[PDB]
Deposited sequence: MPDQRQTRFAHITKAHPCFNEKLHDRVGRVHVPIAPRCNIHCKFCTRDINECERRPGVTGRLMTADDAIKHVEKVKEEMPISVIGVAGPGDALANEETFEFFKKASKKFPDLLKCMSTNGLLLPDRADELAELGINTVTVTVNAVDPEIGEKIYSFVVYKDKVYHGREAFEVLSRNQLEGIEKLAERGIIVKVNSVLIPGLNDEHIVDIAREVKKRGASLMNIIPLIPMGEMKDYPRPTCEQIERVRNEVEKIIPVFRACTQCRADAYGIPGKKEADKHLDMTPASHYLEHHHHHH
């Protein structure tokens, strides 16, 4: 019962691990006529916040679809600058991908970040992303938007660090954490998919700090 529309091509970060807005509206209305829908979301293919089409779409969906839950996923880089607008457009839930809170780990996950038309590399890239996404969680949460945090479990990189993430995002106002196992491909093809003993171990530990999606 959830429709995601692909209207957000541009991404503003490089992590190592199409419709117009009006065409997406017509798609939702056609899908609603054939299937019960309760949620509309924007999640990709890039970052939702890095694309003006995202906000044009939710503006129109506000009028045409007041009853539906509205959600989006983002890396959070633009959340401090867009959090107010998201609230005004009726976004109910935002999923923020947070893969580290310690820069010695985060610098190994992100290669660069593009923010206000400056390219940051390496450790500075993660520090900019991390500050913005964590502040963004609190700006969303204080406006009533449900914040869900996605964290990719990278064995040998952040596996023992996920509970630190959970403590930090809980302090900022997150409601739920979703631990996602790494699927190695291309960049970081040399990392393994986590064992299922490990994924359920970390889920059980995180659950003591914040609710976990299951």
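- Coordinate coverage of the deposited sequence breaks at 1-27, 45-61, 259-296, these segments carrying no C-alpha atoms.
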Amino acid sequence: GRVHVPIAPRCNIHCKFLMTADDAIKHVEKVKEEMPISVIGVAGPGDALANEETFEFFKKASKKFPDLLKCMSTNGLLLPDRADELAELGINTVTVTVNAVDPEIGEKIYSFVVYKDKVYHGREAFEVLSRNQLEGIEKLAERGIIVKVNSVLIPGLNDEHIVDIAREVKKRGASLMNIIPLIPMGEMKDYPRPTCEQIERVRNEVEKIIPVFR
From here on, numbers count along this sequence of modelled residues.
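- Of the two segments, 98-106 and 75-83, the one listed with the higher mean B-factor is 98-106 (C-alpha atoms only).
- In this entry, the higher average B-factor at the C-alpha atoms falls on 203-211, of the pair 203-211 and 3-11.
- Reading the B-factor column for the CA atoms of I145, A43, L49, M188 in the entry, the top value corresponds to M188.
- Of the candidates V149, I165, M35, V152, it is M35 whose Cα B-factor is highest according to the PDB record.
- Remark: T54 belongs to the lowest third of its chain, ranked by C-alpha B-factor as recorded.
- In this PDB entry, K171 carries a Cα temperature factor that places it within the middle third of its chain's modelled residues.
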